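Q: For now just these chains, pulled out of the complex without moving them:
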Amino acid sequence: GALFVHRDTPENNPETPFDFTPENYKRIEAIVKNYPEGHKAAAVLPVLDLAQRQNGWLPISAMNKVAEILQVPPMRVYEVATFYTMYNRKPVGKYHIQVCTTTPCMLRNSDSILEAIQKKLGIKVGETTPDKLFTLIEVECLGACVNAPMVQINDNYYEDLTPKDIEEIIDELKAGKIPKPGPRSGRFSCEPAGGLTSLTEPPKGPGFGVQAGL
Amino acid sequence: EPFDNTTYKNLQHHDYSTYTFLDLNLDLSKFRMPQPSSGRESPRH
Amino acid sequence: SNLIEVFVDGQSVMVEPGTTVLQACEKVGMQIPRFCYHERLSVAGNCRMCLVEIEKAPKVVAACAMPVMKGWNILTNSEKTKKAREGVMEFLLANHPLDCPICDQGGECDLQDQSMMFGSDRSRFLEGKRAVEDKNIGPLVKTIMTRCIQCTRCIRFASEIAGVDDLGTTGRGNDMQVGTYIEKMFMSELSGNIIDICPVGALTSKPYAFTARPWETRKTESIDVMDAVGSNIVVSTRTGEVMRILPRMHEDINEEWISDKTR
């Protein structure tokens, strides 16, 4: 679903309380200086995401604040909020689980990962758990294509998962621990599983192969 | 110090907080050179 | 002078630099199809209905946004140009609703006329269409956004001509919707003009709803007296009754706009 029209509700309306903490105003000050003077509207995206890292989602009031301090029309922040998919215009769970289901991950049985989470958490795609701890949605390619299947939970990638591995991650999150990002297969990164096939030699030091003129 | 190629040296990101990126962007503000000026406060001015 | 020479179907024409392919065809009496281009708004180039072949070029160019290079032979009636207009018109009508009998734009609709002049005569679309929820933007403009073709003429006009940044596009992809996002009224002294610049019946006059059809009206060219600007208008009448007021182009007085009181 995720309609793209806003209707006022008691818990989401222009009078809903939101304001940047005094620390965030300092962060906003540095953000605006990354762009030429007179083009302060270029800070909408980073400032909008900052308003979401403080709150966890973007209420209609939060968008209005971003417009107010950047001197941008409010309708030009609604466009940004609804166009980019990482902006949450409804509350999400404490841990936003995002399962990649594009073809590279599908070929390596990413549906099993999605099935395991639903049975484990007792939810469906697009639903928040009763305790407000988990939100599940499918997403497109997340970059970690060679380490498929993989999921993103908030700001961490968990890769090379199997139906057993993902359920361990949820147990660790449901207790309070911090699961370690990266693959869970034995490998560390995009390197081949059966040992390295390249870069298995002391890399050459400074000034190797430099041309004569330089 | 001896050449070791069997450990993952990119472990610093295991403990990055929510504000890590914005905190770094705030530290990289005294090194930045002054921005160019369009001549107006905004296109709507 | 600095005039450069370009050819429209082999006919030489001298145009100032910066002229567009669409404007070069006007100089020879040829009007390129269009839905997004308006001569008084910003160039959008997003309806792709003005695609025109350029000789010795494998790619069609957006005639409304492509400046004319020297020595170009613009082919306005080639197979490539005509096959580009059929595809674009076919994509415009894929999700468009079968509302012509109940749509106030019927008879004076650019989508109807350019479908019968530049598009095909049937559909190979065997799916279900999209349905969009209507939006309230005041007591003057009735919105039926299932008919919108995402041409963004209302967005550009509201921001440029009227100086009101209230309209925009929310979402992305096939689900891209034009509106105010929030419940807001686009009440402006020039708000009624978005009715005219909307090529489809998505935006229509609410007072004029359902009262008449374009072919049965009589046009009387008159003057507006609601103020001292003297805006030129057309008084549409039917069987001895005034039905609606329309702008009448006058470059030196009111362009092609009129205020809400006049309308």
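A: Sure thing, it's come through. Numbers count the residues shown, from 1 in each chain, chains lettered A, B, ... in the order given.

Q: ranges for the helices of chain A?
A: Using DSSP state H, the helices of chain A run over A:22-32, A:44-55, A:60-70, A:75-83, A:103-107, A:110-121, A:163-175.

Q: Can you tell me which of these is packed in deepest?
A: Most buried of the helices of chain A, by mean neighbour count (mean count of other C-beta atoms under 10 Å in any protein chain shown): helix A:75-83, with a mean of 22. Where C-beta positions appear, they are placed from N, C-alpha and C, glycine not excepted.

Q: From the contact counts, what lies against that helix?
A: helix A:44-55, helix A:60-70, strand C:168-170 (3 or more C-beta pairs under 8 Å, 6 or more residues apart in numbering or on different chains; DSSP states H and E).

Q: For residue B:23, which three-state class applies?
A: helix (DSSP: H, G, I helix; E, B strand; the rest coil).

Q: Might you report the residue contacts of it?
A: residue A:27 (C-beta atoms under 8 Å, 6 or more residues apart in numbering or on different chains).

Q: now swap in the one 3 residues further on and tell me
A: Contacts for residue B:26 (C-beta under 8 Å, 6+ apart) come out as A:26-27, A:30.

Q: quick one: which of the helices of chain A is nearest residue B:37?
A: Set against residue B:37 and scored by C-beta to C-beta, the helices of chain A come closest in helix A:22-32, at 13.8 Å.

Q: what about the nearest residue to residue A:187 once chain neighbours are set aside, how many residues close to it?
A: Distance criterion C-beta to C-beta, 6 or more residues apart in numbering or on different chains; nearest residue to residue A:187, sequence neighbours excluded, is residue A:193 at 5.4 Å. Residue A:193 has 9 neighbouring residues, counting by other C-beta atoms under 10 Å in any protein chain shown.

Q: so what's residue A:193 up against?
A: A:185-187.

Q: Now flag whichever of those is closest to residue C:215.
A: residue A:185 (71.9 Å).

Q: slot chain D in:
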Amino acid sequence: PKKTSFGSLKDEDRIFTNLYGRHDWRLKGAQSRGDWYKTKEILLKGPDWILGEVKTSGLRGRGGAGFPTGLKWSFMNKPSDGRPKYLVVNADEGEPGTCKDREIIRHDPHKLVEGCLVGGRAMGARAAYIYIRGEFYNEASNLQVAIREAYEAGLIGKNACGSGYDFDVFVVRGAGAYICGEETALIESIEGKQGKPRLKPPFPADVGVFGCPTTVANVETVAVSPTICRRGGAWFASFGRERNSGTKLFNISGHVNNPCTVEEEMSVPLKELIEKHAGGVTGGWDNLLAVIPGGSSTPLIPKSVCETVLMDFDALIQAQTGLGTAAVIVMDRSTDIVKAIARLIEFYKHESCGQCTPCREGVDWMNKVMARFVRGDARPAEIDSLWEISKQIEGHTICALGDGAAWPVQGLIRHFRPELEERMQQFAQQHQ
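A: Chain D now in position relative to the chains above:
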């Protein structure tokens, strides 16, 4: 004698020597691998010398288009007209199958930061905005730490490398959109608007970010510039065929034994790349069904063509496909080829920006048709119709996402029409 067979690259020629992150990636760990060596000397050679090395090296854009890098960067080699000038490094890695740019900013960020400086000085730019996709938060944090080291060490900022040149490196994070990888749509994101591409002209070299001259470059195409200048463009032209020179990062994924990101020489045979580095196709090379060589926008090629095709721009264009980002996706016999390509069309439907009609209304049209082809709920006469719809989208759009959505369908119809028709015959009899 010019080489006839390519591959078997040696570790002394690999530019990205910390691809797997086994060594330290900070400034100390990078200066020991040749980074930031004689950077001041390169800068003082001037822009023409830098552009001369890149131009003669044969480097081509690694973002997917493949335009000659040296010629593109030269459009910025013109006198100033009062406006600033910027380099925009495209790190919006979102092509399904591509992970190469993630391994450069996470394990070799200094190889990219230096490239911004070397590339920026060649263009006369005053800053380098690096647009990193929003989901890469941990990689964008590493790149911010690397940039901080370069500032503190005096390598960038004011008087960069002690060369008298002022330069800044800014990192701007996206908010999640595949379309923001397109060069003009990435600029609109940096300007705070929706990621909707622009028409051309004007080209970014004349009117770009903030309305100023700009050159959008990929992460890989900028991270190899310093090493080309140090070791010369002649060395970089040693590898690959004519007009397809250089070393390329390959992402082998899908139905392979050991999916990996490995650097290899251009023109390396596809069958040699899959077996030498990725452990061969799952179930053996005889179990191969099709391969998407350049990500997802490139048409698939069947096994009958993969046995000899080379992994370079021109060899794959001859096989009715493209090199793209050099992301190889492997599919075996067990794969449902129609369902694997339908999901790619669903990806383009979700990632379409909706600005222009043929892809706003056509990509969602192909998605519906392909959905019924998966079940076979259609008739063979619709296969030719789907071909014409794709040909109507291709070439009539603002950006190349529309073309990238038509090509996957054409490849399936070109090489797997019997699979589609058979699926339809089965559906009719079952529902009879």
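
Q: same question on the contacts of residue A:193, but with chain D included?
A: Per C-beta under 8 Å, 6+ apart, neighbours of residue A:193: A:185-187, D:257-260, D:279.

Q: Run the chain-centre distance for the lengthiest helix in chain D.
A: For chain D, the longest helix by residue count, based on DSSP H, is helix D:401-430. With C-alpha atoms, centre = their mean, to the nearest Å as the basis, helix D:401-430 stands 26 Å off its chain's centre.

Q: Give the other helices and strands that that helix contacts.
A: strand D:288-292, strand D:301-302, helix D:337-351, helix D:357-375, helix D:381-393.

Q: Let me have these in CSV, adding distance to chain B and mean neighbour count as columns.
A: Below are the helices and strands packed on helix D:401-430 laid out as CSV (distance: least, C-beta to the nearest C-beta, whole Å; neighbours: other C-beta atoms under 10 Å in any protein chain shown):
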stretch, distance to chain B, mean neighbour count
strand D:288-292, 29, 25
strand D:301-302, 35, 19
helix D:337-351, 24, 23
helix D:357-375, 27, 24
helix D:381-393, 34, 18
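
Q: Those into TSV, with extra columns for distance to residue C:2?
A: Converted to TSV, the helices and strands packed on helix D:401-430 look like this (distance: least, C-beta to C-beta, whole Å):
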stretch	distance to residue C:2
strand D:288-292	51
strand D:301-302	51
helix D:337-351	44
helix D:357-375	35
helix D:381-393	39
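
Q: What is the neighbour count of residue D:307?
A: By other C-beta under 10 Å, the residues close to residue D:307 number 12.

Q: cool, and residue D:308?
A: By the measure other C-beta under 10 Å, the count of residues near residue D:308 is 11.

Q: Surely it is within a helix?
A: No. Using three-state DSSP, the secondary structure at residue D:308 is coil, not a helix.

Q: so what's it up against?
A: Contacts of residue D:308 by C-beta under 8 Å, 6+ apart are D:269, D:271.

Q: Next up, phi/psi of it, please.
A: Here is the backbone geometry of residue D:308 (degrees, to the nearest 10): phi -130, psi -10.
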